[PDB]
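A short write-up of the structure that comes next.
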Amino acid sequence: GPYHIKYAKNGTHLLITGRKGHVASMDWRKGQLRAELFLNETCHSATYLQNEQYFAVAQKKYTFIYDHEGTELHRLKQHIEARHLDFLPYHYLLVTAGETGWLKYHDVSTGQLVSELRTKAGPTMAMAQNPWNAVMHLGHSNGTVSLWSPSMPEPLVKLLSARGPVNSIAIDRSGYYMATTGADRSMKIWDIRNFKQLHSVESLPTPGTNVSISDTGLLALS
Amino acid sequence: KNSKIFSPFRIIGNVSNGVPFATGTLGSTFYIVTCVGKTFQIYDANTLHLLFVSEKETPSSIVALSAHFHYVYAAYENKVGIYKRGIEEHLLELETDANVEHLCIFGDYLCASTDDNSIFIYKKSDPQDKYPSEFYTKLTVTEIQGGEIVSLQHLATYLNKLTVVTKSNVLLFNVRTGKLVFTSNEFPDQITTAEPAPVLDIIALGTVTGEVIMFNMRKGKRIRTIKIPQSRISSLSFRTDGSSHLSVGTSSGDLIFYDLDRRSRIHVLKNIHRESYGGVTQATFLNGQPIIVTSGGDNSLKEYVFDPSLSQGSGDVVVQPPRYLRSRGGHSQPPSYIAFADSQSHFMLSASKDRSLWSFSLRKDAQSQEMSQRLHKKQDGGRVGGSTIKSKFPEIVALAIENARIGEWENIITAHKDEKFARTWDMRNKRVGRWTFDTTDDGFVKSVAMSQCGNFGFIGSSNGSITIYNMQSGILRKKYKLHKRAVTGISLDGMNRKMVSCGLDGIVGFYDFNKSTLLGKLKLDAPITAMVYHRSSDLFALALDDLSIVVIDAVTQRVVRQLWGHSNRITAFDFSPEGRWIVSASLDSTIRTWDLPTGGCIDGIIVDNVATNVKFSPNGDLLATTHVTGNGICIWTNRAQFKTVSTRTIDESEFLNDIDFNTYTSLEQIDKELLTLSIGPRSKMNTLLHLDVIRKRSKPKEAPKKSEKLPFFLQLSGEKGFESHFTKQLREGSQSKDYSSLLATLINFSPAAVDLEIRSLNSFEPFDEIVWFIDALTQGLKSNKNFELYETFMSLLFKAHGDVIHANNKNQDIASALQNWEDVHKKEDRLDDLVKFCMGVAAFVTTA
Amino acid sequence: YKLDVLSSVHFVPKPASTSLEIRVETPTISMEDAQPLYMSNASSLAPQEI
Amino acid sequence: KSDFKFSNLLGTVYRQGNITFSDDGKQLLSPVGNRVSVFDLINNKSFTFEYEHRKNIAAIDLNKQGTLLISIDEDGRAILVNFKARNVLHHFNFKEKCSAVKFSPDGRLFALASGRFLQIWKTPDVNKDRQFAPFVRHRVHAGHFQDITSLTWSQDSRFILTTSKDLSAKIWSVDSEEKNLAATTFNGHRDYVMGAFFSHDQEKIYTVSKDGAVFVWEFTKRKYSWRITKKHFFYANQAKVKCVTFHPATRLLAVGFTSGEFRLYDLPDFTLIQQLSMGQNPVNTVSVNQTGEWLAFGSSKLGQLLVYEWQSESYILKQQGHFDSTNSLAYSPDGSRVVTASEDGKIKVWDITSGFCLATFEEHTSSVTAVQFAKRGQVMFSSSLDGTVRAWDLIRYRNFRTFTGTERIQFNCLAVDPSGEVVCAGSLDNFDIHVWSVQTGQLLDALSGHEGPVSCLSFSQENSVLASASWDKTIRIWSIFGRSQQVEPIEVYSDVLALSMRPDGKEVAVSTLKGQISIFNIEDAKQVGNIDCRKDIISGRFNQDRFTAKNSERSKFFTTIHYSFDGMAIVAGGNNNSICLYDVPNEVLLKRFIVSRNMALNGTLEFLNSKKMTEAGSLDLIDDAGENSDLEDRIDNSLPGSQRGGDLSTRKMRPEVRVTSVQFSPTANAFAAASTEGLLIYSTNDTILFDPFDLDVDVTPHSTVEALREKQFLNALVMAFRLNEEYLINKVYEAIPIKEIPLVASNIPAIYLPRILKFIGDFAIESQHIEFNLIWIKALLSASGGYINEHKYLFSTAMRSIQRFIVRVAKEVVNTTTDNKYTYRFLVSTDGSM
RNA sequence: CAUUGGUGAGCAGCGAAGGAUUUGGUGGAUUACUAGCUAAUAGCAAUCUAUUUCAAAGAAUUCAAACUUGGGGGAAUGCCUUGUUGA
């Protein structure tokens with residue numbers, strides 16, 4: 001199916017996932033294939049968690065954790081129905097946000113579910129980690145973005161971004177500027193320290209499906 | 001020459017006909033318009049699937065084609081049609097009588113050159129519009145300026161210039177003003193082709209010797225001259241991939257590729273199309289791809305690739321030769337024998353005089369392989385003796401196919417011209433089978449047939465013999481020597497019971513097959529040239545030589561019909577899929593549809609071209625015929641399948657509607673004494689009798705939820721006198737003593753209406769309404785129709801107002817009305833008499 | 001239920017039972033389905049049952 | 001003899017897609033998977049079309065004038081059918097999953113919601129002939145952003161407004177000059193939009209969403225354009241809107257939820273007119289009739305249809321079909337009804353001519369394996385896997401007997417004595433035959449001797465012996481009456497698994513696992529002849545078969561057999577895609593039928609598509625489940641490896657094709673086959689076929705009408721028989737008068753006796769001349785009684801139809817007449833009042 | 001004496017400028033053929049930008065939300081619910 005790209009943090013490995021079962025972990029630069037899996041359940045996303053060596057893919061119900069060779073190591077009975085995966089890399093925390101309206105942080109070195117947090121607002125429509133802060137910005141179906149932390153069982157702060165569902169958000173590396181596009185054909189550039197929105201492009205001539213910001217302040221919209 | 005049953009669908013199996021095709025780019029994709037007689041077809045290029053076909057045949061043949069983005073300009077006889085997606089979006093009739101010869105579009109102008117050297121330039125009306133519409137000017141080329149016009153080109157970056165290339169020189173015409181600007185130096189040869197090169201100002205000119213002239217137009221000087229010797233050059237194309245190659249397709253079947261930088265010939269593809277059918281008639285490199293689409297005149301369109309080089313550093317010096325890529329094709333010669341290959345009407349077999357058996361498809365025109373004549377390795381051990389120069393079989397003159405054992409062994413038996421044996425073929429693998437079937441008396445196979453079960457093949461030779469071969473192991477079993485002339489037809493019943501043969505000694509012979517006896521020997525007058533067996537009715541038909549069709553029932557064993565009326569030889573004929581018509585095409589260029597029951601000709605078509613095969617579909621829907629000239633198969637459909645068809649006699653004019661449309665509307669009532677029932681559903685009586693309990697079971701289990709605020713008159717608020725109509729009509733019927741209109745409305749009323757009015761009759765006063773109602777019902781029972789309905793209306797009256805007339809019994813009016821009622825009901829007990837007799841005797845007969 | 005379906009309804013039946021159910025006098029028209037037609041008219045009890 | 005065609009599909013009422021009414025409101029078009037059933041609810045006559053798709057249907061639309069019918073399956077493949085002809089006009093491929101078709105109310109052009117595009121095409125005329133390409137396009141609009149889920153025409157045909165998972169609705173105009181009049185979009189909902197409708201004067205728009213909200217849009221001020229004036233909401237918590245409809249002339253909004261509820265609101269002002277519960281599964285489609293009186297609801301889980309009249313809360317019909325659960329079949333001893341025993345633990349009596357269920361019995365716990373009638377059509381017996389076999393009385397609807405074993409084995413086949421005193425059942429857990437008496441409830445005996453399970457039982461009627469055939473590779477004939485109690489075995493080459501007995505009772509036909517129908521005489525146990533039936537079988541490759549269909553032998557035998565009532569042909573069917581019709585005295589097949597060409601089953605094709613096979617595995621054995629947008633349609637309730645028990649969700653495999661049972665009809669030349677998609681009923685038309693009988697050059701319709709006008713009735717009738725034309729027989733049959741009926745019926749030939757009996761039976765069950773038909777029947781039975789009582793088997797399925805006519809439609813008129821007579825005698829004879 | 005066992009040496013017979021077995025690649029079919037792109041009533045297809053903006057419309061369950069859990073025991077500290085103190 002339609003594939004899905006993740007790069008490693010070194011920028012030296014590439015993890016592709018197709019909507020059917022094709023998951024490939026490859027070296028991309030010297031043209032090697034580290035591990036290829038033909039999972040048959042529809043897979044949604046995948047991240048290299050800490051290395052090129054371990055990666056977690058989200059599957060039809062359960063998240064699975066695979067070795068550097070496709071040797072399946074774990075299946076997570078507690079991470080039900082995820083579509084969004086992430087990994088806080090200094091904290092060694094796998095964050096999974098799903099269709100259950102829940103947000104779970106799972107410490108991957110010990111093996112232990114650090115926190116279960118009940119997003120009230122129903123199935124999560126976007127997710128991006130503030131890297132400089134390591135705080136998860138989720139984006140709900142109401143239009144609200146929510147900054148979340150694994151100690152407080154309450155959202156740290158709720159921002160009303162757009163009318164109707166949030167489609168995709170992405171936070172700059174320096175931890176200062178968030179871009180968020182919503183299905184009312186709109187795109188907001190928000191400031192995160194002091195939480196004042198900067199400027200709001202209002203009529204994109206189709207909804208924006210994805211946003212990303214580089215390490216030079218380049219802002220890419222699809 | 002029109003018909004009344006059939007109507008032409010399309011002509012199936014053609015790809016190209018020798019008119020140079022045209023290439024049209026859409027976005028980044030390409031299509032290809034090829035000319036097929038009067039219609040054109042629009043092929044994709046990445047896959048060669050048939051996208052479009054022209055929806056209306058032109059009044060004559062198409063001379064030229066050209067294709068802009070969405071629009072296709074087709075130049076037939078005197079006009080130029082502008083089509084989009086197959087539909088004629090504009091017509092452009094020229095003001096001459098001389099035929100149109102060439103056609104070039106560019107800009108806002110359309111330049112059409114009719115054959116007497118006069119170019120008509122048409123202009124777009126509004127510069128936003130989509131095709132040229134208005135006459136603009138009429139240029140002309142006299143003899144002192146040039147010969148016959150060879151081609152009309154346009155070069156890029158030439159404002160209002162039209163490059164007219166004649167047989168002697170190259171001209172440039174300014175088209176807005178209408179003034180000649182240049183005349184080249186006359187070439188000492190005859191020019192046959194032109195082609196604009198993808199560089200500036202350069203046009204390539206192919207002559208009738210072996211010469212390709214690279215000619216400039218800014219200066220007017222022959223830049224290069226490339227000699228093909230002993231050939232005529234037919235089509236030129238350039239490459240635009242990033243390599244500087246040229247393709248010169250000759251009129252001998254060859255296609256030669258040059259590299260213009262090294263002044264070399266890369267390669268030469270030998271004999272891609274037939275020299276006898278024009279050679280290569282168009283070759284086109286697609287625009288930026290290493291793909292050449294070459295179309296010939298032998299009903300074929302191919303396209304080849306240039307694989308990239310096998311070297312690393314050298315590159316353009318080591319060029320791989322061009323290999324094959326996709327292609328479509330058909331028959332080159334006209335088709336000889338056709339046959340419907342399954343009951344879905346999916347596949348046709350078609351064997352043709354270029355010795356090729358194709359399997360055409362009536363659903364998708366890219367499912368149509370050619371059946372392969374590649375022999376199987378022997379099961380004895382010897383070596384098969386033939387020529388080491390491989391060839392095709394002789395042409396096919398008979399075919400039999402049976403899908404009962406398909407994918408297990410062979411199921412086609414084919415009889416070839418002037419050979420002494422038949423071949424087996426396999427429609428699963430689309431290959432030849434491993435058995436060949438001999439006759440064993442030095443006779444050619446004149447006819448063949450197969451069993452229904454798919455086990456036996458009968459070969460009737462040209463000396464009388466019938467040999468019966470098993471098809472799994474292809475082994476000989478029997479031999480029947482009844483005839484001593486040739487055997488022109490064999491068939492076996494669907495029960496494997498009886499077996500008919502017919503032969504040129506005027507003899508039909510009915511054999512048994514489970515025994516090995518002779519049942520009968522009929523002798524007709526003339527020789528017999530064809531037999532068709534309809535197994536579902538056990539009727540076969542024989543086409544004779546006193547020009548008639550003799551229809552013989554095979555069981556009772558005699559002639560039942562003898563259809564007369566053909567005026568020449570009978571070429572082919574076939575049955576209807578149900579056994580009701582015989583369609584026969586004959587050498588007086590006619591196709592007659594005879595009806596078997598009434599015996600007469602019900603339809604006749606005159607064709608322009610004699611028809612050599614006619615086959616009904618195994619389904620009901622299609623007729624497939626094929627003619628003397630034309631490389632396709634004409635498909636017709638059944639107005640009779642989608643409508644009703646009258647059965648009269650037509651032929652003497654052109655060249656009781658009950659019985660005509662063979663439908664019979666039943667009598668409403670036969671006698672005025674016999675009882676009847678109502679004209680309607682047989683459930684109205686039971687519903688009236690039990691109208692309450694059925695609704696009681698229909699109501700749901702629980703109460704539905706409603707609001708509290710609702711309009712009381714919701715039905716009447718669904719937006720957009722004195723008496724009642726039934727009682728008024730009953731009153732007038734009592735006045736006139738005629739209740740016929742009341743009984744009409746009572747039969748008209750629906751279930752509930754009936755119950756509602758009969759309950760709301762008036763029953764308090766001296767009971768005028770009850771008396772009039774019973775009078776109406778007595779008039780109905782005297783009328784003797786709707787007997788169940790009048791009896792059920794009286795039962796409803798007795799269940800509603802039984803207590804009222806029971807209390808007011810022996811009153812004079814109700815007593816008299818009930819007395820007349822009892823008189824007629826007494827008169828109609830005879831139905832119960834009949835039913836009791838029939839039920840008792842039927843029970844005794846069935847059980848005891 | 002889950003065990004029978006898993007075992008591909010080959011099993012061994014229930015031992016037996018009894019229960020003294022009741023019945024009620026209704027027309028069989030109202031006993032049968034919900035539909036424009038019918039097939040039987042008599043009551044739901046026999047004359048010796050009433 | 002053997003020209004059958006697909007007449008009816010019985011026992012399936014609605015499976016998936018779009019339910020339509022006729023324009024008059026009398027006929028109801030509902031999609032079974034490929035075909036389309038049409039029920040005329042007034043005349044009580046159903047049919048189903050012969051053509052079929054390659055996959056399940058997702059859309060239906062009939063024209064206004066009732067001329068054309070477009071049925072679009074899943075994945076684009078439309079078929080355009082001529083309706084009053086029942087014949088396929090054109091096939092057209094739309095390549096995306098088409099969500100909706102709708103003709104315009106004018107009739108000239110139809111719209112198509114396919115992808116995020118709205119396509120508008122022009123209809124082909126019906127008065128013309130067939131073209132290569134009849135569909136001429138009008139326009140294609142592409143304003144939306146996600147898949148378009150609904151489509152509605154304005155009353156005048158110049159506006160369309162569509163509805164999409166964009167969470168938005170959009171008005172397009174048909175005309176380019178009215179683009180400016182109506183080029184707009186409507187936002188504001190929260191989950192989807194599931195309907196957008198015009199008012200009856202198109203100055204209000206109601207848009208309903210999956211969230212559960214209805215917006216009333218109006219063109220008002222605060223130069224001014226299209227506000228929301230009202231926001232009404234359904235306050236359903238877990239339920240979600242699954243299908244909406246709106247009748248604008250009566251202002252009716254009929255909404256169907258995923259809880260089972262449907263609600264009817266009035267909607268300029270949102271008053272709850274009614275709230276009801278169709279079931280306990282989702283409600284998948286709603287439609288109205290043109291008057292606005294009938295509302296047709298359909299659900300796909302359990303596959304049911306419900307036509308409801310809402311002014312008086314009255315179910316016009318409440319039917320529930322069956323899919324992949326039909327273990328057995330029987331006919332009534334008539335062509336009237338068919339009784340099906342189905343895996344849900346149900347028994348249903350279905351009508352034929354109006355394809356609805358008249359009665360359901362629900363006493364067995366587990367699946368009901370087999371069902372028979374007695375030698376009378378008032379009592380039936382059924383045998384099930386809860387280890388019991390029950391009798392049912394089809395006059396007062398009660399199981400009056402429930403026979404059980406002792407050691408509780410579960411019963412597979414049963415057989416019931418002609419003289420209805422003995423019921424014998426055979427299982428696979430015990431391989432002894434258990435026989436009970438019927439009047440007393442006790443068990444008589446256990447006939448033992450079979451090594452290994454008993455597959456089929458049958459009672460030879462006209463001499464009453466028992467034939468039991470078992471995986472012992474053995475037939476065994478028991479004589480269990482007359483104080484002898486004696487056995488005789490016959491040995492076959494393989495383990496026999498179907499059995500049938502001739503109408504005579506003189507021969508047994510057995511069906512073995514080697515692909516052979518063998519036929520044995522029963523006085524002397526010698527084998528008479530066999531039909532080898534292994535090569536005329538269409539077997540299929542499954543999507544999960546790692547071996548070819550040629551090598552696979554799961555489906556190269558027949559597991560159901562039925563002798564005809566003549567005794568001359570056998571119908572045969574098994575676990576494969578072909579039903580075969582064979583001829584016993586000639587041991588050669590008459591015809592083969594292909595039961596389903598639906599690729600959404602499994603054993604249908606022999607050759608799959610290598611474009612579908614990847615080097616991972618087949619592209620069709622990938623979980624398409626967890627892509628779904630519904631928790632309930634995403635979860636998996638399956639068990640590992642189970643088959644043949646429980647619901648169609650509990651097995652994670654594609655439901656295979658099979659024919660579970662076959663029988664010949666007792667009255668007409670038809671046969672029924674209980675298969676995975678229902679009850680396929682095949683029947684013949686002597687109307688359409690031309691099959692004469694002893695013709696000659698003189699016999700002609702013109703000569704026959706000449707004989708009638710010259711008053712030679714015997715000759716006219718005999719010529720019409722030899723032509724065998726149905727309209728000719730009907731013409732002369734109604735043309736001869738009363739006073740010459742007994743003479744003609746005496747001097748009719750013995751060869752044309754069964755033909756005139758068949759004609760009278762069919763014409764009489766559908767004709768209004770009850771007096772003329774009864775006079776004819778009386779004259780024929782009077783003239784030729786001993787001949788029929790002699791040839792009891794040549795006239796069986798003709799005298800049976802004649803008995804049916806007499807009992808069904810003449811005894812009812814006699815009943816009504818006698819009731820009226822006796823009530824009149826009581827009203828006019830008895831004392832009055834006071 | 002047989003081999004319904006292997007490995008070889010020769011015939012009879014079949015027999016047109018040879019023959020047999022294995023095998024890599026590409027093309028066409030495997031469902032029934034209405035053309036490409038886009039911001040789409042048109043435009044592009046050698047281009048969408050030095051019109052790409054404005055106007056309009058558009059904000060319930062005051063948060064209803066895991067219908068998504070292998071079986072038993074518990075749950076300090078967490079989390080959920082209810083009450084309480086103090087601001």
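Starting from 1 in every chain, residues are counted up; chains themselves are A, B, ... following the order of the structure tokens, and ligands are numbered from 1 as listed.
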
message = I'd like the contact shell of stretch 15-17 of chain E - 12 Å cut-off, only C-alpha atoms (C1' of nucleotides), skipping same-chain residues fewer than 2 positions apart - returned as a list in words.
response = residues 381, 382, 383, 384, 385, 386, 387, 388, 389 and 390 of chain B; 13 and 19 of chain E

Restricted to C-alpha atoms (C1' of nucleotides), what would the selected residues look like written as a PDB file, in the first residue's frame?
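File produced: part.pdb:
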```pdb
ATOM      1  CA  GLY B 381       9.454 -42.605 -30.826  1.00  0.00           C
ATOM      2  CA  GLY B 382      10.020 -41.892 -34.483  1.00  0.00           C
ATOM      3  CA  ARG B 383      10.735 -38.520 -35.985  1.00  0.00           C
ATOM      4  CA  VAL B 384       7.990 -36.436 -37.548  1.00  0.00           C
ATOM      5  CA  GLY B 385       8.551 -36.067 -41.250  1.00  0.00           C
ATOM      6  CA  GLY B 386       8.122 -32.675 -42.811  1.00  0.00           C
ATOM      7  CA  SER B 387      10.109 -29.785 -44.195  1.00  0.00           C
ATOM      8  CA  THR B 388      12.894 -28.320 -42.112  1.00  0.00           C
ATOM      9  CA  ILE B 389      11.672 -24.957 -43.374  1.00  0.00           C
ATOM     10  CA  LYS B 390       8.766 -24.438 -41.008  1.00  0.00           C
TER      11      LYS B 390
ATOM     12  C1'   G E  13      11.298 -49.165 -38.294  1.00  0.00           C
ATOM     13  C1'   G E  19      17.365 -33.993 -33.594  1.00  0.00           C
TER      14        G E  19
END
```

task = Starting from chain D, keep only residues with some atom at most 9 Å from an atom of chain E, counting only C-alpha atoms (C1' of nucleotides), and report them as a ChimeraX atom specification.
result = /D:54,77,91-93,133,135-137,139-143,172-179,185-188,223-228,231,233,235,237-238,599,607-611,631-632,635

Could you write those residues out with N, CA and C atoms, as a compact mmCIF listing (two decimals), in the first residue's frame?
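Writing the result to out.txt gives the following:
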```
# COMPACT_ATOMS: atom_id res chain seq x y z
N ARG D 54 -19.65 -10.13 -11.21
CA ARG D 54 -18.50 -10.90 -10.79
C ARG D 54 -18.18 -10.69 -9.33
N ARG D 77 -17.77 -2.12 -11.85
CA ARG D 77 -18.34 -2.75 -13.05
C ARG D 77 -19.85 -2.61 -13.07
N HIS D 91 -22.34 -3.26 -20.73
CA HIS D 91 -21.43 -3.31 -19.59
C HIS D 91 -20.50 -2.11 -19.63
N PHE D 92 -20.30 -1.47 -18.49
CA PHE D 92 -19.42 -0.32 -18.46
C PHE D 92 -18.60 -0.33 -17.19
N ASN D 93 -17.32 -0.05 -17.31
CA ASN D 93 -16.40 -0.13 -16.18
C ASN D 93 -16.17 1.26 -15.63
N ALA D 133 -20.76 1.77 -28.00
CA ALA D 133 -20.53 2.65 -26.85
C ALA D 133 -21.71 3.58 -26.69
N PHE D 135 -22.97 4.98 -23.76
CA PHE D 135 -22.86 5.97 -22.70
C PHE D 135 -22.05 7.15 -23.18
N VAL D 136 -22.70 8.31 -23.28
CA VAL D 136 -22.06 9.54 -23.72
C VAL D 136 -21.98 10.45 -22.51
N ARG D 137 -20.79 10.97 -22.24
CA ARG D 137 -20.55 11.66 -20.99
C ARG D 137 -21.08 13.08 -21.06
N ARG D 139 -20.45 15.48 -17.95
CA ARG D 139 -19.42 16.26 -17.26
C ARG D 139 -18.84 15.46 -16.10
N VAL D 140 -17.70 15.92 -15.59
CA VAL D 140 -17.05 15.35 -14.41
C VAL D 140 -16.58 16.50 -13.54
N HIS D 141 -17.12 16.60 -12.32
CA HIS D 141 -16.74 17.63 -11.37
C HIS D 141 -15.86 17.05 -10.28
N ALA D 142 -14.91 17.84 -9.81
CA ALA D 142 -13.93 17.39 -8.84
C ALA D 142 -13.68 18.44 -7.77
N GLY D 143 -14.73 18.91 -7.12
CA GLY D 143 -14.54 19.82 -6.01
C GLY D 143 -14.16 19.21 -4.67
N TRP D 172 -23.71 21.52 -7.11
CA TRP D 172 -23.39 21.70 -8.51
C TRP D 172 -24.66 21.89 -9.32
N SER D 173 -24.58 22.71 -10.34
CA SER D 173 -25.66 22.84 -11.30
C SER D 173 -25.35 21.98 -12.50
N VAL D 174 -26.40 21.46 -13.14
CA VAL D 174 -26.19 20.67 -14.33
C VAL D 174 -25.74 21.56 -15.49
N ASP D 175 -26.24 22.78 -15.54
CA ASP D 175 -25.92 23.68 -16.64
C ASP D 175 -24.77 24.63 -16.31
N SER D 176 -23.92 24.83 -17.31
CA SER D 176 -22.79 25.72 -17.19
C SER D 176 -23.22 27.18 -17.04
N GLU D 177 -24.40 27.52 -17.54
CA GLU D 177 -24.91 28.87 -17.36
C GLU D 177 -25.57 29.08 -16.01
N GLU D 178 -25.81 28.01 -15.25
CA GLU D 178 -26.35 28.10 -13.91
C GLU D 178 -25.32 27.72 -12.85
N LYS D 179 -24.07 27.47 -13.27
CA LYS D 179 -22.94 27.40 -12.35
C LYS D 179 -22.94 28.53 -11.33
N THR D 185 -20.66 25.47 -1.37
CA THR D 185 -20.33 24.41 -0.41
C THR D 185 -20.85 24.74 0.98
N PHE D 186 -21.11 23.69 1.74
CA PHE D 186 -21.74 23.76 3.06
C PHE D 186 -20.87 23.00 4.05
N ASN D 187 -20.33 23.72 5.03
CA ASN D 187 -19.49 23.19 6.09
C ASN D 187 -20.24 23.22 7.40
N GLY D 188 -19.60 22.69 8.45
CA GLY D 188 -20.07 22.86 9.81
C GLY D 188 -20.33 21.58 10.57
N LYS D 223 -25.04 39.95 -1.20
CA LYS D 223 -25.59 40.74 -0.11
C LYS D 223 -25.98 39.86 1.08
N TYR D 224 -26.40 38.63 0.79
CA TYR D 224 -26.80 37.66 1.80
C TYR D 224 -26.96 36.29 1.16
N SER D 225 -26.48 35.25 1.84
CA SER D 225 -26.37 33.93 1.22
C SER D 225 -26.23 32.82 2.25
N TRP D 226 -27.23 31.95 2.34
CA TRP D 226 -27.10 30.56 2.81
C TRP D 226 -26.54 30.45 4.23
N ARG D 227 -27.33 30.90 5.20
CA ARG D 227 -26.97 30.67 6.59
C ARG D 227 -27.44 29.30 7.05
N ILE D 228 -26.89 28.85 8.18
CA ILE D 228 -27.53 27.84 9.00
C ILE D 228 -28.55 28.59 9.84
N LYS D 231 -29.95 24.12 14.07
CA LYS D 231 -29.10 22.96 14.33
C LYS D 231 -29.85 22.00 15.25
N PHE D 233 -30.41 18.08 16.76
CA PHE D 233 -29.54 16.95 17.04
C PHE D 233 -30.37 15.75 17.47
N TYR D 235 -30.13 12.83 20.02
CA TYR D 235 -29.31 12.57 21.19
C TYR D 235 -29.17 11.07 21.42
N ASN D 237 -26.45 8.12 22.06
CA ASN D 237 -25.10 8.09 22.61
C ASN D 237 -24.19 7.19 21.79
N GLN D 238 -24.46 5.90 21.78
CA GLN D 238 -23.64 4.95 21.06
C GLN D 238 -24.05 4.77 19.61
N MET D 599 -16.84 -14.03 -7.96
CA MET D 599 -15.48 -14.16 -7.47
C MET D 599 -15.36 -13.93 -5.97
N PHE D 607 -8.51 -20.75 -12.48
CA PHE D 607 -7.23 -20.15 -12.78
C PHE D 607 -7.24 -18.75 -12.20
N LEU D 608 -6.48 -18.54 -11.14
CA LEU D 608 -6.44 -17.24 -10.51
C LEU D 608 -5.46 -16.34 -11.27
N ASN D 609 -5.31 -15.11 -10.80
CA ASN D 609 -4.55 -14.08 -11.49
C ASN D 609 -3.17 -13.93 -10.84
N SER D 610 -2.14 -14.21 -11.62
CA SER D 610 -0.78 -14.07 -11.12
C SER D 610 -0.39 -12.62 -10.88
N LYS D 611 -1.16 -11.66 -11.39
CA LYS D 611 -0.97 -10.28 -10.96
C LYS D 611 -1.41 -10.11 -9.52
N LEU D 631 -14.92 0.47 14.74
CA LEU D 631 -14.42 -0.50 15.70
C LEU D 631 -15.10 -1.85 15.52
N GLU D 632 -16.39 -1.83 15.23
CA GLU D 632 -17.19 -3.04 15.13
C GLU D 632 -16.95 -3.80 13.83
N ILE D 635 -12.91 -5.23 14.43
CA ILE D 635 -12.58 -6.35 15.32
C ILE D 635 -12.80 -7.69 14.63
```

key: Counting only C-alpha atoms, chain A residues within 6 Å of chain D, as number ranges by chain   = A: 40-41, 60

query = So how many Å separate atom CA of residue D:232 and atom CA of residue D:295, to one decimal?
reply =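 Atom-to-atom, atom CA of residue D:232 to atom CA of residue D:295, that is 22.9 Å.
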
inquiry  = What are the residues of chain B lining chain C at 9 Å or less? Count only C-alpha atoms, and put the answer as a ChimeraX atom specification.
reply    = /B:683,686-687,693-699

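For the choices C:48, C:7, C:43, C:2, the atom-to-atom distance to residue C:24 is smallest for C:43 when using only C-alpha atoms.
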
query = If we count only C-alpha atoms, which residues of chain D reach to within 6 Å of chain C? Please list them as a ChimeraX atom specification.
reply = /D:317-318,358-359,386-387,395-396,408,642-643,645-646

Excluding same-chain residues fewer than 5 positions from residue B:667, what lies within 10 Å of it counting only C-alpha atoms (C1' of nucleotides), as an mmCIF file with C-alpha atoms, in the first residue's frame?
```cif
data_model
loop_
_atom_site.group_PDB
_atom_site.id
_atom_site.type_symbol
_atom_site.label_atom_id
_atom_site.label_comp_id
_atom_site.auth_asym_id
_atom_site.auth_seq_id
_atom_site.Cartn_x
_atom_site.Cartn_y
_atom_site.Cartn_z
ATOM 1 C CA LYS D 731 -56.148 -20.620 -29.130
ATOM 2 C CA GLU D 734 -60.439 -21.760 -25.941
ATOM 3 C CA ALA D 735 -61.933 -22.001 -29.414
ATOM 4 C CA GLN D 768 -59.808 -17.385 -14.766
ATOM 5 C CA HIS D 769 -61.965 -19.939 -16.613
#
```
